[PDB]
Amino acid sequence: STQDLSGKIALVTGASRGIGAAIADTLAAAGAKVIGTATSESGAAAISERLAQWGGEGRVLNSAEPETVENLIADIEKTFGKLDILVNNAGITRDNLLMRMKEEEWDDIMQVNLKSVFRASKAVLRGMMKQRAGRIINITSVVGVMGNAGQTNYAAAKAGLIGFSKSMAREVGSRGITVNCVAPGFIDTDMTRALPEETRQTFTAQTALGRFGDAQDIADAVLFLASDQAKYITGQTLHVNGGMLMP
Amino acid sequence: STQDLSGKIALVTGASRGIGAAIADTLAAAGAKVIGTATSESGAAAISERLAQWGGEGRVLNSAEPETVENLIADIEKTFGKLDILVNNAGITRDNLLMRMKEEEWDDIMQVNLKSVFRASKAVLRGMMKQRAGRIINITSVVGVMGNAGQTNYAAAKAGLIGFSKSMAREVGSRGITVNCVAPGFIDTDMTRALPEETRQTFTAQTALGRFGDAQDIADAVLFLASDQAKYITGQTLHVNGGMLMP
Amino acid sequence: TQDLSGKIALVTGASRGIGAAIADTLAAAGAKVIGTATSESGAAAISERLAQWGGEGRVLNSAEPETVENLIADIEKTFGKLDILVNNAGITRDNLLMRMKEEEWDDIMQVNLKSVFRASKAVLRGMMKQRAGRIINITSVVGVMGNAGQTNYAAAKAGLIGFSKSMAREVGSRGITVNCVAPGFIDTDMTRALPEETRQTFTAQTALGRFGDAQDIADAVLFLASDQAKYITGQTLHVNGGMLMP
Amino acid sequence: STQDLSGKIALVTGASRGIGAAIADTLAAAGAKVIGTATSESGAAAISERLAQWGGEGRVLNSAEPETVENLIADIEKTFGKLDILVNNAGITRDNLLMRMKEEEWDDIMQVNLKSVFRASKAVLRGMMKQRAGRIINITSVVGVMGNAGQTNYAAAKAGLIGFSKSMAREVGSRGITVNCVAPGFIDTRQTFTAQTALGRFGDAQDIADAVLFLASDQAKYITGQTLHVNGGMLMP
């Protein structure tokens, strides 16, 4: 029961910044060969430069396009022989009050945040089942469990991701594959930075620890779940929120 | 503190059979003017015949079509003056293991089971907010909370529905509108009633009460939530499962 | 229906607030209601309040041994087997864990948790005889989310939920359901006193933007006690205005 | 964000066998000075023998007696300077149908499984607050969350432990102390049981120990008031 990921191959979607970036760095530093994705060639290049010291690399992935995720995964499998760890972190927000919410704001969220996970998870499955080993780790927000005004779309997608994960866990468990979610609370990121103070102050006041978390806190939890230390943990949602929600 | 729905107007989607039919009958018997929907003209006619004794009616609704949900709700508002209660029960299944699930099986579930609720809930909102009164009640399987092999799609949609509901509850609560889910467990429906007896016993064994529930049990819970007896209940998931899951 | 005609109900802690509303509501629905208080004076007041519905007040100090058991035996002999038990009796003894007295821990566990063990056990034999048993435990939102200064109260209320789930699994084959109702911010005398500016901090946590009423809890209990909830067991029904959405 | 516990002092109650034993071994191997407890002298001796290679030791702790928990913790604090990690694992079962359950079966469970945690957690608190650092980790069974026939007493105690932990987490969090629970499912100590899991097998005591090490470490500094389920998918909250 070590966290040595030497010889493992990991795919981290949405690895250009914040939580995704920390996850990729952490798995790479633990010994995994890491492929991190971004939606742009500049994002991918940055990931490649950042992961270079650990032999990791950046790749372009537009989750909306058909057959792109599938090709990427096939390429990884062919080049490296297997995919051991999939971290689904790619996601966007399109916040609006339901009263004002556009159809496209709903649809884009469901496609980018939820369908993307269906596609990636399905694609890695054949290989993982054949090897009788795997980790799928989905990054889902606290908002998925408690709901949030202005985020009926984002919350629905993140909650759906949890329902998806539990169902997948039941399908693939007999082959030793675990499927879990990590639920960040208020983590210091671009999204939390753009917040006004009463909102920020209101958020920190809800936490037991009295502070925002760090992207590294999420990465730490992902490493734990990706490792042999979590081989009997599946279908779970691990909340990393400083005590803002205690289910 | 009564369950007298005299003077209330209710829309129940998917009211042709089973749970939806029982819900419509129950709200109607409690005094509500009930509009129940089906996907076909024959379904709608059958609903009309069934609800005739209570002054209810059947209408055609194909949730996949744009502007149909919206037009129906507008028509109800104009004909009957307001919409007090929305029960989102329309849903389908397209079961498969993730490893062979077709893209269309994913997409159709998300459209029919989840996007339909976005559309209907958005559409009734203007009227409910003006009235400073309302009930939205979403029927969400237990599978949404615990997951189910073969149903990554259905589970994702039903779990998403819960996240949606919690978020909506937070948006509309200041206007006195409540938004809740009812989560059926193993209920006797077309899809279960005709299962082999040995297989039925495997479901009933999981319950504390030792039996499949009845569609009427779900209807009873919906009536409670729709009434003045539940005016301080919002953002909740009421599990009606005979003890097969105790969250 | 929610017609409880012919049913016998015991409601512990029925003098005031939530418990009083529960007793009145079950009684008005047709049940023969026995409501409890810790003193004969309390019991007399309950008797006066329930008189028009044929209800009565009785004394129950949970701290005393054999009192719960004797009361239930007396009810069984005098009126008949119990159909409905509502465990509402409870106290608070708030303190920071750092300075919490042993007695503050022990008294909470005795009054709020062991009382439920004792009452639930005592009604069980008779209720198994009946067609449609109901045990309904009043827990607090604090049992599910925790609360600073209430490690004791929270532990007892959370324990009550674990107890209920386990009991539900034992007694279901006899048609008995066991459920909890979890009040959030319900207006009491002590919250009613708070400054208006202070009331706002509580209401801001709710989706509905207001405190609830004791009657809201009573309404939920009536639902669960009735034939309308025959397939609901081992559940915690949160009546909190959206302050917590599990 | 390492799992190096060098320089840390840990108290693990109920460390004689199974889960408790694995926890103590694991924290010790990670570098902590570990004190493990048992209710009997034979249990304490066995712990001492097992932890000897890591400089750990066994101590007798009868949670039912007053002032014993408190004295033990004070002794540890005086000898080692601080207590960094408390793992509350001590517990018993007294299973019976509620119909048959004796008052003593209820009372014993509440005393040994729940009050013991109140006492231990209270006792370590002053020191942890002074250090502005700590970990309290409570071992609570899946039965606390889902309930179990024959175990109204055990389930009530284990569920109560979770409520306690959440409340404590809210009180002590401003000082950087985290309070969490680990909920084991079916851990080895058959097909009808394994069929209830997604993984199709019983777990190992080491799986629980692995989760406790994670929570005890710097890798879990932003995790508090949580219940981490290690059940192979038997329950997915």
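Per chain, numbering begins at 1; letters A, B, ... match sequence-line order. We use all heavy atoms of the structure for the numbers below, so side chains are in, but hydrogens, waters and symmetry mates are not.
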message: Show, in sequence, the C-alpha distance, side-chain angles and deciding distance for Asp218(D) and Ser1(D), and conclude whether the side chain to side chain donor-acceptor pair (under 3.5 Å) test is met.
response: CA-CA 5 Å; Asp218(D) 290 349; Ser1(D) 288; over 6 Å; no
Measure the spacing between [atom1] of [X] and [atom2] of [Y] and express it to the nearest 0.5 Å.
{"X": "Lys122(D)", "Y": "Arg99(C)", "atom1": "NZ", "atom2": "CZ", "result": "10.0 Å"}
{"X": "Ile139(A)", "Y": "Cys181(A)", "atom1": "CD1", "atom2": "SG", "result": "8.0 Å"}
{"X": "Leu61(D)", "Y": "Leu11(D)", "atom1": "CG", "atom2": "CG", "result": "7.5 Å"}
{"X": "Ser140(C)", "Y": "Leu160(C)", "atom1": "OG", "atom2": "CG", "result": "10.5 Å"}
{"X": "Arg59(D)", "Y": "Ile76(D)", "atom1": "CZ", "atom2": "CD1", "result": "5.5 Å"}
{"X": "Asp4(D)", "Y": "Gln219(D)", "atom1": "CG", "atom2": "CD", "result": "11.0 Å"}

State whether a side-chain donor-acceptor pair under 3.5 Å links [X] with [Y].
{"X": "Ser167(D)", "Y": "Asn147(C)", "value": "no"}
{"X": "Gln236(A)", "Y": "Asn180(A)", "value": "no"}
{"X": "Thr26(A)", "Y": "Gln216(A)", "value": "yes"}
{"X": "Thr140(A)", "Y": "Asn138(A)", "value": "no"}
{"X": "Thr192(A)", "Y": "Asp188(A)", "value": "no"}

Does [X], at its [atom1] atom, have more than 12 non-hydrogen atoms belonging to other residues, nucleotides or ligands within less than 6.0 Å?
{"X": "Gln200(C)", "atom1": "CD", "answer": "yes"}
{"X": "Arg17(A)", "atom1": "CZ", "answer": "no"}
{"X": "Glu197(A)", "atom1": "CD", "answer": "no"}

field: Test log, rule salt bridge (charged side-chain N to carboxylate O under 4.0 Å, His left out), inputs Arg119(D) and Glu102(C)
entry: CA-CA 9 Å; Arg119(D) 288 175 60 194; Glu102(C) 191 172 8; 5.7 Å; no
For the residue pair [X] and [Y], establish whether any side-chain heavy-atom pair is separated by less than 4.5 Å.
{"X": "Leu72(D)", "Y": "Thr68(D)", "value": "no"}
{"X": "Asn89(A)", "Y": "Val222(A)", "value": "no"}
{"X": "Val145(D)", "Y": "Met246(B)", "value": "no"}
{"X": "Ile187(A)", "Y": "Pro184(A)", "value": "yes"}
{"X": "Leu223(A)", "Y": "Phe214(D)", "value": "no"}
{"X": "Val143(D)", "Y": "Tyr154(D)", "value": "yes"}
{"X": "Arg93(C)", "Y": "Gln150(C)", "value": "no"}
{"X": "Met168(D)", "Y": "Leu125(D)", "value": "yes"}

Without swapping roles, check the side chain of [X] against the backbone of [Y] for a donor-acceptor pair under 3.5 Å.
{"X": "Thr224(D)", "Y": "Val179(D)", "result": "yes"}
{"X": "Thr178(D)", "Y": "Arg135(D)", "result": "no"}
{"X": "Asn71(D)", "Y": "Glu67(D)", "result": "yes"}
{"X": "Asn113(D)", "Y": "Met110(D)", "result": "no"}
{"X": "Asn88(D)", "Y": "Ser121(D)", "result": "no"}
{"X": "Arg132(D)", "Y": "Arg175(D)", "result": "no"}

Salt bridge or not between [X] and [Y]? Use side-chain N to carboxylate O under 4.0 Å.
{"X": "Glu77(D)", "Y": "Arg126(D)", "answer": "no"}
{"X": "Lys101(C)", "Y": "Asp106(C)", "answer": "no"}
{"X": "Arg192(C)", "Y": "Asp189(C)", "answer": "yes"}

Give the minimum heavy-atom separation between [X] and [Y], together with the two atoms involved.
{"X": "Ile85(D)", "Y": "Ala216(D)", "answer": "CD1-CB, 4.1 Å"}
{"X": "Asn95(C)", "Y": "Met100(C)", "answer": "O-CE, 3.3 Å"}
{"X": "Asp84(D)", "Y": "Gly7(D)", "answer": "OD2-O, 4.1 Å"}
{"X": "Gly144(D)", "Y": "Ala159(D)", "answer": "O-CB, 3.2 Å"}

Sequence neighbours excluded - side chain to side chain donor-acceptor pair (under 3.5 Å) pairs with any residue from residues 237-247 of chain A: none
- request: Show your working on side chain to side chain contact (heavy atoms under 4.5 Å, CB included) between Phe203(A) and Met244(A) and close with a plain yes or no.
  value: CA-CA 8 Å; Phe203(A) 292 160; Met244(A) 74 162 276; over 6 Å; no
- request: Show your reasoning for whether side chain to side chain contact (heavy atoms under 4.5 Å, CB included) applies to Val12(D) and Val34(D).
  value: CA-CA 7 Å; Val12(D) 181; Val34(D) 175; 4.2 Å; yes
message: Can you confirm if the aromatic rings of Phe164(D) and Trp105(C) lie within a centre distance of less than 6.0 Å?
response: yes
query: When you look at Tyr222(D) and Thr207(A), which way does the side chain to side chain contact (heavy atoms under 4.5 Å, CB included) test go after all the steps?
result: CA-CA 10 Å; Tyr222(D) 204 59; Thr207(A) 67; 3.8 Å; yes
message: Less than 6.0 angstrom from the centroid, inside 45 degrees of the normal: does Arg199(C) satisfy that with respect to the ring of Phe211(C)?
response: yes
- prompt: Under the side chain to side chain contact (heavy atoms under 4.5 Å, CB included) criterion, do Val182(D) and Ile19(D) qualify, and how do the steps go?
  reply: CA-CA 11 Å; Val182(D) 179; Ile19(D) 287 165; over 6 Å; no
